[PDB]
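Q: The structure is given below, and queries will be raised subsequently.
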Amino acid sequence: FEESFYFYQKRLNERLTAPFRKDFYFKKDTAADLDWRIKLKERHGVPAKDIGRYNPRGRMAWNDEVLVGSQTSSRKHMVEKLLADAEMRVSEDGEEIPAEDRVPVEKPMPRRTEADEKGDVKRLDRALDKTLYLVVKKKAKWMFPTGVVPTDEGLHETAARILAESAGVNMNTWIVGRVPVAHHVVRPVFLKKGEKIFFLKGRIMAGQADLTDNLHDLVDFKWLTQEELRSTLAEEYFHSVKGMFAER
Amino acid sequence: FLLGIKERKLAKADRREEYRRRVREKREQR
Amino acid sequence: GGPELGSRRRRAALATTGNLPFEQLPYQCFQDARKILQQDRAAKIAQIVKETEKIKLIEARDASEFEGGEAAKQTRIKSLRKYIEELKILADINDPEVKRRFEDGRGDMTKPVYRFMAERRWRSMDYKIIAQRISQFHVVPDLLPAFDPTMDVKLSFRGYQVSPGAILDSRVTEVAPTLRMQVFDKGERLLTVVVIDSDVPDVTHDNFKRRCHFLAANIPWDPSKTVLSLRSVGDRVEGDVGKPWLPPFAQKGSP
Amino acid sequence: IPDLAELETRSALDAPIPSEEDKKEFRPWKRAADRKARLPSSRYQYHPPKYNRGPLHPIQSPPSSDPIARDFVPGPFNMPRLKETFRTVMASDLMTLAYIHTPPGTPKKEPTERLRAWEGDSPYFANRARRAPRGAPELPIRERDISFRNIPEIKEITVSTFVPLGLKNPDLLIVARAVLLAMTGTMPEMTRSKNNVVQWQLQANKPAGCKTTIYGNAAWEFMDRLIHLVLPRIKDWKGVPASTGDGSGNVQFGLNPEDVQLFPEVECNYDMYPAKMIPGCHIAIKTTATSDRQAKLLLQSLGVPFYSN
Amino acid sequence: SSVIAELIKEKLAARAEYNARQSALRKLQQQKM
Amino acid sequence: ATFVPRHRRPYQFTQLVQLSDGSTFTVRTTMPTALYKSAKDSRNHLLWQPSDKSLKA
Amino acid sequence: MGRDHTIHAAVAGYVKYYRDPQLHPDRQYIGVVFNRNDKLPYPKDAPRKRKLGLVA
Amino acid sequence: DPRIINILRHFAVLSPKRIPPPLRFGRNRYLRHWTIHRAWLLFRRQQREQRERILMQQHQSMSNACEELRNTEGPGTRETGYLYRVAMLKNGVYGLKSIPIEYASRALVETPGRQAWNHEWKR
RNA sequence: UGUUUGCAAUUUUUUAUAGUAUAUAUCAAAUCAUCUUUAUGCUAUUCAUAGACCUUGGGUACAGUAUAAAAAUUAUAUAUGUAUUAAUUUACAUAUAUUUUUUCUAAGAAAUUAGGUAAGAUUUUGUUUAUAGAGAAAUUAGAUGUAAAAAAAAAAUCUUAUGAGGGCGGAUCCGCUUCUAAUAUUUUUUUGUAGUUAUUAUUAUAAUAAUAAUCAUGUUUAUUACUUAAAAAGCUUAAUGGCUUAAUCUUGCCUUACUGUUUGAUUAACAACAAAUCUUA
Ligand SMILES: NC(=O)c1ccc[n+]([C@@H]2O[C@H](COP(=O)([O-])OP(=O)(O)OC[C@H]3O[C@@H](n4cnc5c(N)ncnc54)[C@H](O)[C@@H]3O)[C@@H](O)[C@H]2O)c1
Ligand SMILES: [K+]
Ligand SMILES: [K+]
Ligand SMILES: [K+]
Ligand SMILES: [Mg+2]
Ligand SMILES: [Mg+2]
Ligand SMILES: [Mg+2]
Ligand SMILES: [Mg+2]
């Protein structure tokens, strides 16, 4: 619906926006002007490349809507037309370049990388449209980097140290702040001492985790999504950290 | 005005068709 | 192709186009937007079933259980009942045909949806005028201490609509006028019509007195009725005529 | 259920989607050509008036959201990548970064009247006028905490240029009006002088500049190119001054005439404007923040470096 | 334009009729003035 | 009588902005160019990438 | 009220100096009542007290 | 002067008398836009109430943690509420280096770059 | 056929039919200059048609991923080449004005125009924060807060009523008078404060309790109501008073800045008269 709405609004702007004056961008009798007129002629006078063929004036201006199952509104079609137009169609001397001689433009990169296909959970470029979470196994139960809070340091100063001792210092990270975003309280057994874990949100900009020579008894790590966390973390350990999750 | 150009355009079409016809008869004769 | 089908454009469009419901027109943005409203109305209806069953649980609950007694039990169901009425309107407020049927005057006024748009339209231009007449003509506080109209009333003399507070000729205002009323709430009630002339000059006491020119009671009215002829109040329609229509008049010299 | 019975039975939102056989025969281009005649016009002919002549005038004007209205602007055309970033990654960080805890049973804070009143036993204190704003003559707005219900965001941006030399060379104002037209995508409004200075040859009440204003998505897109395509290209740029801010949440800063021609819209057609006529601008960012520090924190979230000066 | 021609003729007749009444009444006013 | 002003907006296009990092995104602009490649941007600047080492009396 | 802000009498009555905090909170008015024992400002909900002023 | 005429021509086409007129839709056409408009705003309502729900949930996760942290004792010989009082300090939160620019500068993109992520980054 | 081409959608009115006043259609006016050739041309391809690689031509295309099948089509004069005629007749093309489609040199870039009327706006001055060039002094953007699901009930103190034609003395006249209604006032006796979304706890996805948010079916540039001391700005000229709920400002239409006569006042204009001032019909 968003694509259909954008395309629907792009044509309503064609009927209300002032026409496009090529004189203000292209000088008459130049490589750019000739290149623009040739491509404009193929688009049937429409100076835009992402609204198909539609004339805001004339006797056929009322027929602006598109029927069901149309490709013109898709994002793939929009990007395809904009890329096929970025290629020069006229040499610097004003002569049209042959069809087979035109140099195509470098196409964009695919949204799904090789990691998505391979399914490597230790890669940070996987699920580029979702938020990944660093989960580490302890010699076994999966969890986040955790540790005891000494008497000299605080909550944020302790989280920074544990992260460097567990995941190494080769990560460009930033602790959001001192406020904890979630807590998991394990009541005591009247015996065993309870635990009041306080989690601090963190964000990684670049780098990769390193478990070599870690101080804690850590074995493996993996960057999981919000959907894969509930399948890995325990029920009680997940119900307490799910409130910190985001939309994506 | 619009239909005026229409009628005057169709009128010129007949004249062009009369020229196309008559000139064709000469080409065949030659 | 007769007038029973609509205007010329419809009878003309209904002869050169294909027979297909308006909601089934194959348009991309129109069918992607209709699906958003479709699966939404299904959620509103799923909520009405959830809230209706919640009142049963509260209804079948001893008032003693509630810390506030029976007083706190009704204020909770009241908020629930009012919440359902809003869901019955939001389920059809986005329907494109409910708007078409209402604008064409073919809307069923017994349903909350049409009575909602009917009042929303009346409160846009007609209420602002009648509200002004009550103030500029000093109908308040003269006749009543305070008055806020809640229904529409359009009176026409001999088939001619009269503007609110318009000077009419003594000959035009000689027969009982036809009241084109319209109520916006459900149910059937008995109405009482009164026509009062509040400017009769009393020269003996140097003041004005009010005179009733018409009075009728026990007139059943529902949101489906629109026209009421004050001529036949006890003959055709049910009602008790307290005073027949008196031709309005004004002596020369008085305002 | 009686409630469901009160709903529209002839629901159009519950009809099945169109079919392929009926869609293949739906050819609007063929209907007009096949008709071979002009369809009679409808009897409903109401057009929005050119002037609003009151709330009780017979002919009324429709809202701006009505397509036929004279003020209708086509809706959004795309989702700016900057507004999607903020609402996705940064909206929660600002809330988590700046956050103060309130006990569960904390009583609501009642605001104090900033215009004091005289209270006492003196018979004169009764009808005394309210005291003046203590300190400054105008009351400053109070800061609102950054909670989950108040997330500072960008609202609009005003790009204004002042060309005093346009009073002598009228061609300097025409070029300035065209630069801001392409840079922002709107029709700038000409501005006039308000003071006279014989030393500067400034005359009041004469056109000496222009201005624009972009709202909604148009503002996020301007910041998208400004921060990621214009400012990085300025030579020896230190950042936005740390002193910018009107104490109410609006950040202001200007660009040199050599930095305005770096805009992708101006450099593409640079040879169309006369030489030495591309002016600077005073870019004013208006945000929903309620303080001077909340604005800097908002711009810091969008990748705007601030240099101390 | 099979059945629409009849409706068009009805529209044309409605217009040609008014144009006749307007010209038939405008002439009466010019005689009274 | 309050005048109802109309919007005077110039023609706008949909442009693909390819950053120096290779990433692309669509934007709304007035220039007719379809693809705008940026050789210098935040992804290629030291003020925005202080930790980046490649750009780095 | 006159052109020069002079307040005249529009009917035959008795002058009254009063304050109507309902109409305007910080204004003082002058009125004319038909009965000397009337008290202005009249309550907004009471009927208008008017005289015919006509002879038959 | 010739170049300036190219500018005046650009403003002339934007004159109120030159710009296109207000739209003129029929009923079936007007109703079709009425649903597209009635649905788009509803779509925004769903995206808003969803976006505002996550903000309320994330906020309630902190209130529960901070509230609990305010009652904890320790670590060691530390009075109750110490970590809470230290967790509410805003030292450098509103400074110049508050948020790292490397994170804020990286915005979303329709498609990734030649190198989506940099795993070879070294301190 | 004015009005956007798929279909009863604004207000009033005309006419006609049914109908016993209403209903439907139709017409006119108001609101608005939306631009309209159903293809006659273009485009692509092919087939003829010239010979040192030309003009003019006939076909083909089958259109929702809309299409070659209109992204904008005029007239006229001169003159040339091809070509044609009884002819500067016709067709074609250029040579270049000249006109129409107003669609291409920004009036929504320009005046401080001051009265009548209607609508809309409501601190504009100064002070102050910030802002390429820009400084003591140039432009621009800002400078209060609250509310917007919703109340219900008991008594009392007045005041009002062209309320009950109240009662009693002299229907609507007047002083005493109970009752009822309404506004206001008590800090008053309280009762209720939900629903929705989400969190936490208990209980068996639901229920209950607590906590938090909650104007929102609406282009978030939301909107609406209320509030924001005083001075200052503005209101034809000094000074004083006044106006912000208009006497200011903006815009539309206008020119009552009208003709004759006339009322009551300025505690009987100026401590007389006269020339005056305001107001009424
Ligand atoms: N708008 C309302 O009706 C409404 C209702 C309740 C509360 N609020 C409050 O007002 C503020 C803003 O409301 P909002 O969140 O609904 O505004 P919004 O962000 O959804 O709309 C702002 C602008 O963004 C555009 N937009 C919205 N979604 C888009 C998309 N997917 N792609 C491209 N453009 C898009 C809109 O059309 C509009 O131009 C918030 O504080 C909100 O809680 C708004
Ligand atoms: K939204
Ligand atoms: K003030
Ligand atoms: K005026
Ligand atoms: Mg000022
Ligand atoms: Mg300065
Ligand atoms: Mg004036
Ligand atoms: Mg005297």
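Every residue, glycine among them, receives a Cβ derived from its backbone with ideal geometry; neighbour counts consider all protein chains shown. Quick note: the coordinates plus some simple rules give every number you see, no bench work behind them.
Q: Scan segment H:52-66 for residues that are within 16 Å of ligand 1 (Cβ to nearest atom), touching a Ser or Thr at 6+ places or on another chain (Cβ under 9 Å) and more than 7 Å from chain A (Cβ to nearest Cβ) and jot them down.
A: H:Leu55, H:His59 - these are the residues of segment H:52-66 that are within 16 Å of ligand 1 (Cβ to nearest atom), touching a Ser or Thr at 6+ places or on another chain (Cβ under 9 Å) and more than 7 Å from chain A (Cβ to nearest Cβ).
Q: Of the numbered conditions (1) under 30 Å from C:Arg11 (Cβ atoms); (2) more than 16 Å from ligand 1 (Cβ to nearest atom), D:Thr96 fails exactly one; give the number of that condition.
A: Here D:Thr96 meets the rest and fails (1).
Q: Report the residue count in segment A:8-34 for those that are more than 16 Å from ligand 1 (Cβ to nearest atom), part of a helix (DSSP H, G or I), within 13 Å of chain F (Cβ to nearest Cβ) and hydrophobic (A, V, I, L, M, F, W, C).
A: 2
Q: Would you confirm whether any residue within segment D:180-191 is crowded, with 19+ Cβ neighbours inside 10 Å, touching a helix residue (DSSP H, G or I) at 6+ places or on another chain (Cβ under 6 Å) and within 30 Å of H:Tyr103 (Cβ to Cβ)?
A: Looking for residues that are crowded, with 19+ Cβ neighbours inside 10 Å, touching a helix residue (DSSP H, G or I) at 6+ places or on another chain (Cβ under 6 Å) and within 30 Å of H:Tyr103 (Cβ to Cβ), one finds at least one in segment D:180-191, hence yes.
Q: Could you check segment C:1-37 and list, in sequence order, the residues that are within 10 Å of chain H (Cβ to nearest Cβ) and either of a type in the set (A, V, I, L, M) or within 31 Å of the chain's Cα centre (by Cα) (or both)?
A: Within segment C:1-37, C:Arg9, C:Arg10, C:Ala13, C:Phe22, C:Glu23, C:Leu25, C:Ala33, C:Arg34, C:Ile36, C:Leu37 meet the criteria.
Q: Yes or no: segment C:60-73 includes at least one residue that is surrounded by 14 or more Cβ atoms within 10 Å (Cβ to Cβ), in a helix (DSSP H, G or I) and more than 10 Å from chain H (Cβ to nearest Cβ).
A: Taking every residue of segment C:60-73 in turn, at least one turns out to be surrounded by 14 or more Cβ atoms within 10 Å (Cβ to Cβ), in a helix (DSSP H, G or I) and more than 10 Å from chain H (Cβ to nearest Cβ).
Q: Quick check, is A:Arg37 away from chain F (no Cβ under 11 Å) and either crowded, with 16+ Cβ neighbours inside 10 Å or within 16 Å of ligand 2 (Cβ to nearest atom) (or both)?
A: Taking the combined requirement at face value, the residue does not satisfy it.
Q: Keeping to segment D:252-273, report how many residues are surrounded by fewer than 17 Cβ atoms within 10 Å (Cβ to Cβ) and within 13 Å of chain H (Cβ to nearest Cβ).
A: Matching residues across segment D:252-273 total 2.
Q: Of the residues H:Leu83, H:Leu69, H:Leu108, which single one is within 16 Å of RNA strand I (Cβ to nearest atom) and either buried (at least 16 other Cβ atoms within 10 Å of the Cβ) or more than 7 Å from chain A (Cβ to nearest Cβ) (or both)? Can you show your working first?
A: Working: H:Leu83 fails: within 16 Å of RNA strand I (Cβ to nearest atom); H:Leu108 fails: within 16 Å of RNA strand I (Cβ to nearest atom).
Result of the check over H:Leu83, H:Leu69, H:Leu108: H:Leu69.
Q: Can you tell me how many residues within segment A:13-41 are closer than 30 Å to H:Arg24 by Cα and of a type in the set (A, V, I, L, M, F, W, C)?
A: Count: 4.
Q: If you go through segment A:98-106 one residue at a time, do you hit one that is within 24 Å of the chain's Cα centre (by Cα) and not in a loop (DSSP other than H, G, I, E, B)?
A: So in segment A:98-106, the residues within 24 Å of the chain's Cα centre (by Cα) come out as A:105-106.
Those still in the list that are not in a loop (DSSP other than H, G, I, E, B) too: none.
There is no residue in segment A:98-106 that is within 24 Å of the chain's Cα centre (by Cα) and not in a loop (DSSP other than H, G, I, E, B).
Q: When you check F:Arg8 against the structure, is it within 22 Å of H:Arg18 (Cα to Cα) and within 12 Å of chain H (Cβ to nearest Cβ), yes or no?
A: Yes; evaluated as a whole, the condition is true for this residue.
Q: Suppose we filter segment A:129-164 for residues that are closer than 19 Å to A:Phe245 by Cβ, within 14 Å of chain H (Cβ to nearest Cβ), of a type in the set (A, V, I, L, M) and touching a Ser or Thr at 6+ places or on another chain (Cβ under 7 Å); how many remain?
A: So the count comes out to 1.
Q: Out of the residues in segment D:1-38 that are closer than 30 Å to C:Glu53 by Cα and among the hydroxyl-bearing types (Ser, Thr, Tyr), which is nearest to the other protein chains (Cβ to nearest Cβ)?
A: Going through the qualifying residues, I end up with D:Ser11.
Q: Collect the residues in segment A:112-153 that are surrounded by 12 or more Cβ atoms within 10 Å (Cβ to Cβ) and among the basic types (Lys, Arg), keeping them in residue-number order.
A: The answer is A:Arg112, A:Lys122, A:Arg123, A:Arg126, A:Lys130, A:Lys137, A:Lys138.
Q: Sticking with this one: Any residue at all in segment H:93-102 that is under 29 Å from F:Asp21 (Cβ atoms), facing chain A (nearest Cβ under 7 Å) and assigned to a loop (DSSP other than H, G, I, E, B)?
A: yes
Q: Given the condition within 16 Å of ligand 1 (Cβ to nearest atom) and at negative phi, answer yes or no: does some residue in segment H:84-107 qualify?
A: Yes, segment H:84-107 has at least one match.
Q: Just to confirm my filter: which strands (runs of 3 or more DSSP E) fall fully inside segment C:133-202 and include at least 2 residues that are β-branched (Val, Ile, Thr)?
A: C:189-202
Q: A:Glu65 versus (1) among the charged types (D, E, K, R); (2) buried (at least 17 other Cβ atoms within 10 Å of the Cβ); (3) within 16 Å of ligand 1 (Cβ to nearest atom): which is the lone unmet condition?
A: (3)
Q: Can you name the residue in segment E:1-26 that is β-branched (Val, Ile, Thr) and facing chain D (nearest Cβ under 10 Å) and, of all such residues, is surrounded by the fewest Cβ atoms within 10 Å (Cβ to Cβ)?
A: If we take residues in segment E:1-26 being β-branched (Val, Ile, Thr) and facing chain D (nearest Cβ under 10 Å), then E:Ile8 is surrounded by the fewest Cβ atoms within 10 Å (Cβ to Cβ).
Q: Still on this structure: Scan (1) assigned to a loop (DSSP other than H, G, I, E, B); (2) of a type in the set (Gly, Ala, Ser); (3) surrounded by 11 or more Cβ atoms within 10 Å (Cβ to Cβ) for the single condition D:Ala32 breaks and write down its number.
A: (1)
Q: Kindly provide the set of residues from segment C:2-16 that are exposed (fewer than 15 other Cβ atoms within 10 Å of the Cβ) and touching a helix residue (DSSP H, G or I) at 6+ places or on another chain (Cβ under 9 Å), ordered by number.
A: Scanning segment C:2-16 gives C:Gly2, C:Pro3, C:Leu5, C:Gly6, C:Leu14.
Q: Taking the condition outside any helix (DSSP H, G or I), under 29 Å from the mean Cα position of the chain (by Cα) and within 15 Å of RNA strand I (Cβ to nearest atom), does A:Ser4 pass? Spell out how you get there, then give the answer.
A: Working: outside any helix (DSSP H, G or I): no; under 29 Å from the mean Cα position of the chain (by Cα): yes; within 15 Å of RNA strand I (Cβ to nearest atom): yes.
Spelling it out, it is not the case that A:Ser4 is outside any helix (DSSP H, G or I), under 29 Å from the mean Cα position of the chain (by Cα) and within 15 Å of RNA strand I (Cβ to nearest atom).
Q: What residue, of D:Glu138, D:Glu143, D:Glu153, is within 16 Å of ligand 2 (Cβ to nearest atom), within 27 Å of D:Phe253 (Cα to Cα) and of a type in the set (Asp, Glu)?
A: Selected residue: D:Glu153, the only one of D:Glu138, D:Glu143, D:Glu153 that is within 16 Å of ligand 2 (Cβ to nearest atom), within 27 Å of D:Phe253 (Cα to Cα) and of a type in the set (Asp, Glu).
Q: Please pick out the residue among H:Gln115, H:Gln57 that is in contact with a helix residue (DSSP H, G or I) (Cβ under 8 Å, 6 or more places away or on another chain) and away from ligand 2 (no atom under 16 Å from the Cβ).
A: After applying the criteria, what remains is H:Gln57.
Q: A further question follows. Which residues, counting only those in segment A:225-248, are closer than 11 Å to A:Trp142 by Cα and in contact with a strand residue (DSSP E or B) (Cβ under 8 Å, 6 or more places away or on another chain)?
A: A:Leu229, A:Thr232, A:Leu233, A:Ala234, A:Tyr237
Q: Now for a different question. Criterion first (away from ligand 2 (no atom under 13 Å from the Cβ), closer than 21 Å to D:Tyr46 by Cβ and within 7 Å of another protein chain (Cβ to nearest Cβ)) does H:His37 satisfy it?
A: When the stated conditions are applied, H:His37 passes them.
For (1) surrounded by 14 or more Cβ atoms within 10 Å (Cβ to Cβ); (2) within 11 Å of another protein chain (Cβ to nearest Cβ), each residue gets a yes or a no:
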| residue | (1), (2) |
| --- | --- |
| C:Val98 | yes, yes |
| C:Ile129 | no, yes |
| C:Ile134 | yes, no |
| C:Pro141 | yes, yes |
| C:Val153 | yes, no |
| C:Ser163 | no, yes |
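Q: Scanning segment A:172-187 for residues that are over 26 Å from H:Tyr94 (Cβ atoms) and aliphatic (A, V, I, L, M), which turns out surrounded by the most Cβ atoms within 10 Å (Cβ to Cβ)?
A: A:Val185
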